[PDB]
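Notes to accompany the following structure.
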Amino acid sequence: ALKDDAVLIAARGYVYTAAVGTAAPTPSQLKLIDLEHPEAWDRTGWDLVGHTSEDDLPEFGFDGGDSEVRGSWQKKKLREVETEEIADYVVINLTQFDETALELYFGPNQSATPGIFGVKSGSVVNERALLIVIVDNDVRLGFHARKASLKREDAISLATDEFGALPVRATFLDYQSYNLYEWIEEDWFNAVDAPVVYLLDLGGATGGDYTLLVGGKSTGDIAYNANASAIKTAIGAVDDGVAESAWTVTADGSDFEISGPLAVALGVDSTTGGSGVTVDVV
Amino acid sequence: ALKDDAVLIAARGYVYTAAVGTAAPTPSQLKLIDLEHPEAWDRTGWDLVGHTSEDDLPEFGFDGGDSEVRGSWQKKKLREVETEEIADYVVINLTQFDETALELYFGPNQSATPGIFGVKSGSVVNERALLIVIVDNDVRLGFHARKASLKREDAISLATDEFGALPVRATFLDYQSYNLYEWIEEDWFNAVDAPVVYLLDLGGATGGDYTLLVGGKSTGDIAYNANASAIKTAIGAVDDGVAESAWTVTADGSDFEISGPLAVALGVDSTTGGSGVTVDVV
Amino acid sequence: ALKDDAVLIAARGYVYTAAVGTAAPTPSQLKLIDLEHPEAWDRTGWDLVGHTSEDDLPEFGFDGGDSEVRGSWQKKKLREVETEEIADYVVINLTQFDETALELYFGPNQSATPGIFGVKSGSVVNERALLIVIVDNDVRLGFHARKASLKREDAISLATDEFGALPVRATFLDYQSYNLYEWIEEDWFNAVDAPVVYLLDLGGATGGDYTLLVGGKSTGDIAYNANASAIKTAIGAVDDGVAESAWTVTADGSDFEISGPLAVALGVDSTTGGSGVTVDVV
Amino acid sequence: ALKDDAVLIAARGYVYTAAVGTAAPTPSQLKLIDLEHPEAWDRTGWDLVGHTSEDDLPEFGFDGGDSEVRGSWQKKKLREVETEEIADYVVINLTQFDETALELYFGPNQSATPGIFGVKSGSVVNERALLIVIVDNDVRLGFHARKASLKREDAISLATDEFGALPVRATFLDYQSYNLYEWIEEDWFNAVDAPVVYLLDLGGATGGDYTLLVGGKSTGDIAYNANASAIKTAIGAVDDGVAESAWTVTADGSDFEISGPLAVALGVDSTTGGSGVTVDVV
Amino acid sequence: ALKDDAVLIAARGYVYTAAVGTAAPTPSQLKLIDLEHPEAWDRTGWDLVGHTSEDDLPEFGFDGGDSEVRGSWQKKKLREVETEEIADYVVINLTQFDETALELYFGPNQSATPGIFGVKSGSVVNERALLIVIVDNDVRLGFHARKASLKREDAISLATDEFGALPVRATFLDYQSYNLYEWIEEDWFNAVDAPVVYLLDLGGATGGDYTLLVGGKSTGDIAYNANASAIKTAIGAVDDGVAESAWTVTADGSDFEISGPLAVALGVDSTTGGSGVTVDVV
């Protein structure tokens, strides 16, 4: 079903890299971790890749994935074949010109001299693990790959009035014992299979009567001295194919939990004292 | 044939899925069911796919249908032959990032760990039933397909301003020789040229609680010699169906006429006098 | 003559075999049989050779048919000598590795042990009856050979993105004074011969006049009430028209039925009622 | 006839070699072994050949196979004779460059010094058994020759942007009255009708404590019993390659009829009253 | 025997030449030598042929090697014979027009005059040694022939937009008791049968459990406290054709080194914090 919490805006994030096979922080640790300092974590090998553009967030493209339906003279669609294999990648726009970033765009530094980055002719091999943390309003969706090959995506970009950028493509490659890549958040992947539950709070109501607006459907007034079968029958007047058999309730002193197929809501009540009768989601 | 009532604006909508082959709620039910709460529908286990992008709505595209003319030296238009068969699909932008949406974009989770969603090395297949409901101010056009082969259409999208989006393409396929897809709305397709009126006749009966069924559900309580107004109250509302305002009635002697948004038939009889209760359509 | 159903596109079609000398379905049966199920036919001997390539269709080749001139000093051509007698064959590209299609390419299975298909070094005699049914949009040119000798034509071909194929050549052989092979289709071989016929219907005309196109010329102002002989005169009166005795005309009610050497069709028409004048070829 | 299962696409596969005359795994084993580790096979040594080209797959060619007609003036076609007998071969197109592959292309290493491979002459004899396994998503057409003679087919290919290649022709030869070669698959070449079933009985015994033989292996300790799952386990849950869910066991009387992916037989026996455990084919 | 490090791409490489009989670098020197300065090597006498085309690499062809099988009236298909002796060669496309590259193609300079290179009628001998080094990204497959005879293979190629080229063919000839030619590489020709072994780290994580994925089959759960014999019988428990006699397990203090007939991978980890569980090759 729908939930507003898992709608994502990438308002800040961090890209880290390490030697191949390295472990990212657990889905629990991503809520406690200090993101600025990967030398200080409970598990280590990550270094922060340097500043990445705010204009061009990382793009998780893929090449390939074509297919054709192979026929025979006697049956027009016998099976499909994959005519070019998929290749997933991410493209990242680094914006430091430091050693930590030129070494990902050009590969390993090829001079021993102080103060110089040398690069040398022809095709070259360069590989790393990745961790990407995306964060807004204290929800912290991670992404991790056990290895990728790192390659020049496009020209180094320079302008006089916006930061320079080194576009790099990390093509994802298999590391045998593990997934190709994985997404990390304790609140919303492999979560608890718990139902949505509602609570009725007496609110200190000293007397009088109240109503409920379940699924936007009204019901007749019920006295403040309510009980489980009274609220079951009072909401069970839905007129929407969901009678009193559709609902589950617990006694809970005076502040009943309610469970059922559609949302509980407060109607109108006589406010003899306290807040009056009150409704919540658990 | 100009009709302002059917010039659709897609002001809101909903998208739902299930295991292949499920039935969408019938053309009359779709006008009545509550859209945010699939488990309330009294139909089957449809799941709401999560939030879907509120701009760049679904497009019901097609590929192929190119065709060539084949000539002979003495007749230039002798025959025509299809280059490829018309293959058609809907493309959808999912905007939640939890397992409810990643299930459609990547396929199902490849890891057991709580808080992790793992992705495979390649070639996952993800056939699913699809239902879409488009919602103007009150008109309620549905679309249903028994079997669609879901896949990724393009890279996932991220921004610091706009919501993130996962684009999926759902190609339609043959399920048990049934329709490839179908559009469901009671008032627009295969419409009745005049309102359906059911007729009842008690057959000279003179006793008993002999009672109807409506919309496929047996009715609570109807009896011999009941007035038309009592029959009006004893329909719909008492069955947790639509209220007394949804229905029309007329009667004289043993004979009654009924109309409303749901079908009518005989539920129970035991023939105290006469030939028993009888029912049909005008 | 020109005909436009007799031009063949081999869009789908089936290949069968049986013991030497056996009978095919007759031309009148072949229109009605179901082709995937040789057990259900009245001619009980047949079985399919499995699936066949969609691109490398059967090739009905021949080799030999080569001859040279003989003469003498006084007279330079006097005899011809047949240098190499013609031998027609068909090359079939089987694409299936079941026993039912290896046993054509390799000859009989050489092992009694279950699940291995043994081959041996000496060449082996292998002869079958052959039937092919080329299904052009449910027009069915059949082909049948009473005896053919089957040999491997070329290497087994394998690919990663196309089906493996087993090219086999069937060379046709004489058998007990039956035909070398025969093509079977009820519509168009040895069928009864008669002139083309045209029909026109005035379509409810209470009055008016009309024109026929004939041999690309036109005949003027025929009234709705003209008799069969009078419209034969109106056709025969055309300047490029053959003699008035060469046409034939007949009539009943609102319609007239016609034959002759040139084609005839509706020109401009007028009526005081009905759908206008109408025409077709019988 | 017309199976879709047997329409092989050779998308992946392996090649192995061994001393002349070596037995392959049987067609029932070939469906359950793992291909990449031939130390595990319960068979004498089938060493892998190394990597083979993606696209230049093995081609099962033949040379020769030509014949001529003999006659006299009275009788033009009385006899036929071979001009060149059939000579079957396969062209394996290797890409690994170490001593694993060079001993097929050049013959055995001529130099005893470490780090060097030398070669000397024409007419180096190089005869070894061959096994090939094409794989197409859990159908596994094996091919086996008791001996082949290997020679180089063509020049060594080198390139700057594609793998080098060492093409070898393996030519098949007769050996010790065995087949020239055997194609191996249990689902295709024999016994594709209803599966074989085996008896078991209490046999009227007053007890029992005696084991089975399954897949030609012994099984864990077992005794006279009421429950068919206690026969399913200890036929399955054995270190022979198959899960217990692959088997089925009946309970229609004192009889426990069994069927599954491997044969079953008597391991140990004694009468103990009764007559015997009775484990023959049904 | 699959070894991904031994699948050669000839991306860069060098060609050298010297007086007949001269010795190449030993396989242990071949990793150390500076390939652009033969004047510096421990093996005196080599110098470079100069630049070679990138498009057309050394072609290690051969001519002849034709063979047939023959027998007698006494005895059918008795013996193979090689009807002409196989003649190996390599073709090198030179591209320098300097004297050091004209001398391979035309033989020695026929003029003493400074600044010209005369050529003369008839045969010229030009026998010399050859060394080739193919450099796939820090593996260096050498090739050496103690005597080759060098003849021009084709026309000098000239073009306006591509380097001009001189194709020379070096035919290989037998010299004293030595091999015809040798491939030199320390890692992978006549090398030791180096064991394949897996290391299960377990370098932390006191508490909880893991599986192992062996031959692609998961064993059951095993705890962090387990000893070598417990790990052995857990690995030996799988269905797949192997038992505790085939495996070895050893320990460096709670850190396990293991070997056997199948590959081993991490499967599933559920141990405590500390990141201890990991398995990889030695």
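Ligands are numbered from 1 in the order shown, residues from 1 within each chain, and chains are lettered A, B, ... in the order they appear in the structure tokens.
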request  = Define the interface residues of chain A facing chain E as those within 8 Å, counting only C-alpha atoms, and report them as a PyMOL selection string.
outcome  = chain A and resi 43+176-177
request  = Determine, counting only C-alpha atoms, which protein, DNA and RNA residues have an atom within 10 Å of an atom of residue 159 (chain D); residues of the same chain fewer than 2 positions away are not included. Present the result as a PyMOL selection string.
outcome  = (chain D and resi 157+161-165) or (chain E and resi 8-12+54-59)
Kindly export the residues of the current selection with C-alpha atoms, as a compact mmCIF listing (two decimals), in the first residue's frame.
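Writing the result to out_16.txt gives the following:
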```txt
# COMPACT_ATOMS: atom_id res chain seq x y z
CA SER D 157 44.29 -15.81 -34.28
CA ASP D 161 40.36 -5.92 -29.08
CA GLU D 162 39.25 -9.63 -29.18
CA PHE D 163 40.65 -12.81 -27.53
CA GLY D 164 43.30 -14.90 -29.31
CA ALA D 165 42.19 -18.37 -30.52
CA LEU E 8 45.29 -13.58 -24.02
CA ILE E 9 44.56 -10.19 -25.71
CA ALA E 10 47.59 -9.02 -27.75
CA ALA E 11 46.96 -5.31 -26.92
CA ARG E 12 50.71 -4.37 -27.15
CA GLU E 54 48.58 -2.32 -35.17
CA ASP E 55 45.79 -3.55 -37.51
CA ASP E 56 47.66 -6.66 -38.84
CA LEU E 57 49.38 -8.58 -35.98
CA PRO E 58 51.80 -11.58 -36.43
CA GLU E 59 49.83 -14.40 -38.18
```
inquiry  = I want to know what sits within 10 Å of residue 14 (chain C), based on only C-alpha atoms, with residues of the same chain fewer than 4 positions away left out; could you give that as a ChimeraX atom specification?
reply    = /A:73-75 /C:35-36,48-52,131-135,142 /D:2
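For residue 231 (chain A), the set of protein, DNA and RNA residues having any atom at most 10 Å away, when counting only C-alpha atoms and skipping those fewer than 6 positions along the same chain, is residues 200, 211, 212, 222, 244, 247, 249, 256 and 258 of chain A.
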query = Pick from E:86, E:245, E:1, E:277: nearest to residue 154 (chain D), with only C-alpha atoms counted?
reply =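 Between E:86, E:245, E:1, E:277, the residue approaching residue 154 (chain D) most closely is E:86.
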Residues of region 166-255 of chain D in helix (DSSP H, G or I), written as a VMD selection string = chain D and resid 229 to 232 244 to 246
Restricting it to C-alpha atoms, dump the selection as a compact mmCIF listing (two decimals), in the first residue's frame.
```
# COMPACT_ATOMS: atom_id res chain seq x y z
CA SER D 229 7.72 -40.22 4.48
CA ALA D 230 10.15 -42.49 6.43
CA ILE D 231 10.75 -44.27 3.06
CA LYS D 232 10.87 -40.92 1.11
CA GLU D 244 13.68 -35.87 -1.29
CA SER D 245 11.03 -33.61 -2.96
CA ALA D 246 12.11 -35.15 -6.34
```
task = Pick out each residue of region 16-264 of chain E that DSSP on the backbone tags as strand (DSSP E or B); I need them as a PyMOL selection string.
result = chain E and resi 16-18+47-48+52+59-60+62-63+67-70+79-82+87-94+127-136+139-152+157+165-172+181-184+198-200+209-210+213-214+217-218+222-223+248-251+256-259+264
